[PDB]
Amino acid sequence: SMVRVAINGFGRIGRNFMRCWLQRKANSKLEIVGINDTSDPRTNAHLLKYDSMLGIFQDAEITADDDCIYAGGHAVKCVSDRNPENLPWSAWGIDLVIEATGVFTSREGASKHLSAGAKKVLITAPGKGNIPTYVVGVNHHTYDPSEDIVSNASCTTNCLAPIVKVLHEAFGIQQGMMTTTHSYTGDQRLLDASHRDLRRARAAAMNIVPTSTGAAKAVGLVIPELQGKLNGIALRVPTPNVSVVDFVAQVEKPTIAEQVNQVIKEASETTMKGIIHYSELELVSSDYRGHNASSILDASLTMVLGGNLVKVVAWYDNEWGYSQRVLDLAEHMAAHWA
Amino acid sequence: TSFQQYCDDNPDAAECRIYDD
Ligand SMILES: NC(=O)c1ccc[n+]([C@@H]2O[C@H](COP(=O)([O-])OP(=O)(O)OC[C@H]3O[C@@H](n4cnc5c(N)ncnc54)[C@H](O)[C@@H]3O)[C@@H](O)[C@H]2O)c1
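Going down the list, the sequences are from chains B and C. PDB author numbering applies: residue 0 is where the first sequence begins, and numbers increase by one. PDB author numbering applies: residue 55 is where the second sequence begins, and numbers increase by one.
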């Protein structure tokens with residue numbers, strides 16, 4: 000029988016995730032039976048169906064009443080309570096909560112779902128404090144089925160970590176720096192306005208906006224040999240989706256661009272198939288909407304100096320690709336459910 | 055100070071959201 004899933008937070012990730020599940024529903028061990036969100040079912044149904052980035056959902060009918068949303072005649076119960084302690088998880092027999100609000104990323108925060116009755120939580124963001132973090136294709140097999148709260152990290156860490164692993168195994172990464180040139184996200188204001196972070200306050204579609212990021216350090220969680228060896232920053236720019244990681248590493252074994260490319264091409268066809276895609280095409284951000292890989296290496300941009308300083312560039316669809324990984328991680332947990 | 059309090063109480067509010075891109 001199925002693992003019973005509720006989505007907490009029906010936002011860009013919550014709705015991308017839902018759309019990913021609807022496309023892969025026939026082979027799945029997950030059944031999405033509930034959603035909680037600030038908004039009501041009719042608003043959620045409307046936004047699930049009409050998406051400025053994904054287009055109109057055509058695969059099946061989407062409908063709503065006061066209580067439920069219906070996707071292809073699958074009924075999903077809706078509730079709207081900002082306090083996860085109050086949610087009907089025991090009553091709905093919820094096994095796994097997908098925590099996509101961006102608000103309950105600490106153990107104590109996420110545990111509120113457990114005390115409301117869910118058996119496990121998968122947080123769609125980096126965890127705060129001691130929360131086991133997974134990137135599919137890198138360390139997802141180390142998942143321990145006894146764990147009640149996990150994190151699927153960030154979009155950026157999902158893009159960077161698999162490249163780093165391949166490069167580390169082939170060349171030995173000593174140190175590395177990252178910049179993600181990233182689409183704007185919903186934590187940025189539309190026009191200049193009040194915000195705790197003075198950069199996130201500024202008009203998102205009008206500016207290049209630097210922010211600090213934990214994404215590079217977080218690679219050290221999932222590749223423990225590299226802990227404390229990576230750092231970077233983010234630059235948000237006026238696109239609404241699709242991002243790119245720029246990674247410059249100091250490596251031990253001297254190499255050249257051709258060889259770096261070859262090694263990532265070989266991984267994309269074997270150990271990292273479905274996770275890293277290797278491309279020699281001269282494409283731009285739009286072309287990567289809806290791409291299922293965590294990282295698309297842009298081979299033409301790869302360069303090396305003095306044998307040891309390696310630059311690689313990898314695209315990622317930060318909403319859809321990441322949501323596909325969230326789903327992969329959930330399917331994995333369901334296949335390993337004690 | 056009342057602002058820090060407001061973001062503790064309401065971390066999903068527009069003034070408060072911090073997403074780790
Ligand atoms: N590219 C991406 O958008 C991306 C990639 C990876 C991770 N994430 C992470 O996923 C999380 C959500 O990001 P998003 O872009 O989906 O944001 P979003 O703001 O579009 O979605 C958040 C949703 O959760 C709802 N919500 C907020 N507080 C709630 C509460 N207390 N109870 C119920 N519902 C609540 C909001 O109303 C909204 O529907 C963030 O942690 C973000 O860092 C986002």
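Every residue, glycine too, gets a C-beta built ideally from N, C-alpha and C.
Taking 8 Å as the threshold (beta carbon to beta carbon), is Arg235/B in contact with chain C?
Translated into the one-based positions of the first sequence, residue 235/B becomes position 236. It does; some Cβ of chain C falls within 8 Å.
For a test of the three-state rule: what should DSSP assign to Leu234/B, helix, strand or coil?
Translated into the one-based positions of the first sequence, residue 234/B becomes position 235. Strand.
Give every residue of the same chain whose Cβ lies closer than 6 Å to the Cβ of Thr210/B, excluding the five residues on either side of it in the sequence, and list them in chain order.
By one-based count along the first sequence, residue 210/B stands at place 211. Excluding residues within five positions, the ones whose Cβ falls inside 6 Å are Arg198, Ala233.
Grab the span of the alpha helix (DSSP H) containing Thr42/B for me, first residue to last.
Numbered from 1 along the first sequence, position 43 holds the residue referred to as residue 42/B. 40-48 is the span of the alpha helix (DSSP H), which, as asked, contains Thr42/B.
Kindly indicate which three-state DSSP category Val102/B falls into: helix, strand or coil?
Residue 102/B sits at position 103 when you count from the first residue of the first sequence. Correct three-state label for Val102/B: coil.
Let's test the definition: count the other Cβ atoms within 10 Å of the Cβ of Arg81/B and tell me whether it reaches 16, buried, or not, exposed.
To locate residue 81/B, count along the first sequence from 1; it is residue 82. By the 10 Å Cβ count, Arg81/B comes out exposed.
Going by DSSP, what residue range makes up the alpha helix (DSSP H) through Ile162/B?
Translated into positions along the first sequence, residue 162/B becomes position 163. Start and end: 154-170.
Determine the burial state of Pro83/B: buried for a count of at least 16 other Cβ atoms within 10 Å of its Cβ, exposed for fewer.
In the first sequence, residue 83/B corresponds to position 84, counting from 1. When all chains shown are included, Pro83/B counts as buried.
Between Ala217/B and ligand 1, is there a pair consisting of the residue's CB and a ligand heavy atom that are separated by less than 7 Å?
Here residue 217/B refers to the residue found at position 218 when the first sequence is read from its first residue. Not so, every heavy atom of ligand 1 lies at least 7 Å from the Cβ.
Is the region 250-265 of chain B in contact with the region 118-130 of chain B, if contact means three or more CB pairs nearer than 8 Å?
These segments do not touch.
Can you tell me whether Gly13/B is buried or exposed? The criterion is at least 16 other CB atoms within 10 Å of its CB, across all chains shown.
Mapped onto the first sequence, residue 13/B falls at position 14. By the 10 Å Cβ count, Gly13/B comes out buried.
Determine whether the Cβ of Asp36/B lies closer than 8 Å to any Cβ atom of chain C.
For the purposes of this step, residue 36/B is identified with residue 37 of the first sequence, where counting begins at 1. With 8 Å as the cut-off, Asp36/B does not count as an interface residue toward chain C.
Kindly list, in the order they appear in chain B, the residues whose Cβ is closer than 7 Å to that of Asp62/C.
Your numbering for residue 62/C matches position 8 in the second sequence. Correct list: empty, because the minimum Cβ distance to chain B is about 11 Å.
Taking the C-alpha atoms as reference points, what is the distance between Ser285/B and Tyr49/B?
Here the question's residue 285/B lines up with position 286 in the first sequence. Here the question's residue 49/B lines up with position 50 in the first sequence. So the two alpha carbons sit approximately 19 Å from each other.
Give a yes or no on whether 8 Å exceeds the smallest Cβ distance from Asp196/B to chain C.
As a first step, residue 196/B must be located in the first sequence, where it is residue number 197. So yes, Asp196/B belongs to the interface.
Are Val165/B and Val78/B touching if we call contact CB-CB under 8 Å?
To locate residue 165/B, count along the first sequence from 1; it is residue 166. To locate residue 78/B, count along the first sequence from 1; it is residue 79. Cβ distance not < 8 Å, so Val165/B and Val78/B don't count as in contact.
CB-CB under 6 Å to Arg235/B, same chain, minus the five flanking residues each way: which ones, in chain order?
Locating residue 235/B in the first sequence gives position 236, counting from the first residue. Same-chain partners within the cutoff: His181, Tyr183, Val208.
Let me check you understand the geometry: is the CB of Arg324/B closer than 7 Å to at least one non-hydrogen atom of ligand 1?
Counted from its first residue, the first sequence places residue 324/B at position 325. For ligand 1, not one heavy atom lies less than 7 Å from the Cβ of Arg324/B.
Determine which residues of the region 222-251 of chain B have a Cβ less than 9 Å from any Cβ of chain C, and write them out in chain order.
Listed in sequence order: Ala233, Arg235, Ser242.
Is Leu300/B closer than 8 Å to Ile275/B when the C-beta atoms are compared?
As a first step, residue 275/B must be located in the first sequence, where it is residue number 276. As a first step, residue 300/B must be located in the first sequence, where it is residue number 301. It is not a contact, given that the beta carbons lie outside the stated cut-off.
Within a Cβ cutoff of 7 Å, which residues of the same chain sit near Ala109/B, ignoring the five residues on either side of it in sequence?
Mapped onto the first sequence, residue 109/B falls at position 110. Once the five neighbours on either side are set aside, the close Cβ partners of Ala109/B are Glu98, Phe103, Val120, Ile122, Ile148.
Is the distance from the Cβ of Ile93/B to the Cβ of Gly33/B below 8 Å?
Along the first sequence, one-based indexing puts residue 93/B at 94. Along the first sequence, one-based indexing puts residue 33/B at 34. Yes, they are a contact pair.
Taking any Cβ of chain C, which residues in the region 102-114 of chain B have a Cβ under 8 Å from it, in chain order?
The region 102-114 of chain B vs chain C, Cβ under 8 Å: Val102.
Mind checking which residues open and close the beta strand (DSSP E) that includes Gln249/B?
Locating residue 249/B in the first sequence gives position 250, where the first residue counts as 1. Unbroken beta strand (DSSP E) run through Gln249/B: 242-250.
Indicate, with yes or no, if ligand 1 has a heavy atom lying under 7 Å from the CB of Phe9/B.
Taking the first residue of the first sequence as position 1, residue 9/B is located at position 10. Correct: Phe9/B has its Cβ closer than 7 Å to ligand 1.
By the criterion of Cβ-Cβ separation under 8 Å, what are the contact partners of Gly219/B in chain C?
As a working mapping, residue 219/B is identified with position 220 in the first sequence. The contacting residues do not exist; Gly219/B stays about 15 Å from chain C at best.
Assign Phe170/B to one of two classes, buried (16 or more other C-beta atoms within 10 Å of its C-beta) or exposed (fewer than that).
Your numbering for residue 170/B matches position 171 in the first sequence. With 16 or more Cβ atoms within 10 Å of its Cβ, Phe170/B is classed as buried.
Look at the alpha carbon of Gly126/B and the alpha carbon of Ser153/B, and state the distance between them as a whole number of angstroms.
In the first sequence, the residue the question calls residue 126/B occupies position 127. In the first sequence, the residue the question calls residue 153/B occupies position 154. Roughly 10 Å between the two C-alpha positions.
For a test of your reading of the model: does the CB of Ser38/B fall under 7 Å from any non-hydrogen atom of ligand 1? Yes or no.
Taking the first residue of the first sequence as 1, we reach residue 38/B at position 39. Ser38/B: yes, Cβ under 7 Å from ligand 1.
At the level of alpha carbons, what is the spacing between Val243/B and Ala203/B?
Locating residue 243/B in the first sequence gives position 244, counting from the first residue. Locating residue 203/B in the first sequence gives position 204, counting from the first residue. Those two C-alpha atoms are separated by around 17 Å.
Count the other CB atoms, across all protein chains shown, that sit within 10 Å of the CB of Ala59/B; report buried if there are 16 or more and exposed otherwise.
Residue numbering aside, residue 59/B sits at position 60 when the first sequence is read from its first letter. Under this definition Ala59/B is an exposed residue.
With a Cβ-Cβ cutoff of 8 Å, do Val241/B and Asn317/B count as a contact?
Here residue 241/B refers to the residue found at position 242 of the first sequence. Here residue 317/B refers to the residue found at position 318 of the first sequence. Yes, the Cβ-Cβ distance between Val241/B and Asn317/B is below 8 Å.
For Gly305/B, write down the residues that DSSP places opposite it in a beta bridge.
Indexing the first sequence from 1 puts residue 305/B at position 306. DSSP, once it has assigned bridges, lists no residue as partnering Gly305/B.
May I have a chain-ordered list of the beta strand (DSSP E) segments no shorter than 3 residues that lie completely inside the region 259-316 of chain B?
Taking only runs of at least 3 residues, the beta strand (DSSP E) segments lying wholly in the region 259-316 of chain B are 275-278, 294-297, 302-304, 308-315.
Quick one: is the Cβ of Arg81/B within less than 7 Å of any heavy atom of ligand 1?
The sequence position of residue 81/B within the first sequence is 82, counting from 1. Flag set: Cβ of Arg81/B near ligand 1.
For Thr155/B versus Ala214/B, is the C-beta distance shorter than 8 Å?
Numbered from its first residue, the first sequence carries residue 155/B at position 156. Numbered from its first residue, the first sequence carries residue 214/B at position 215. Going by C-beta atoms, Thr155/B is nearer than 8 Å to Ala214/B.
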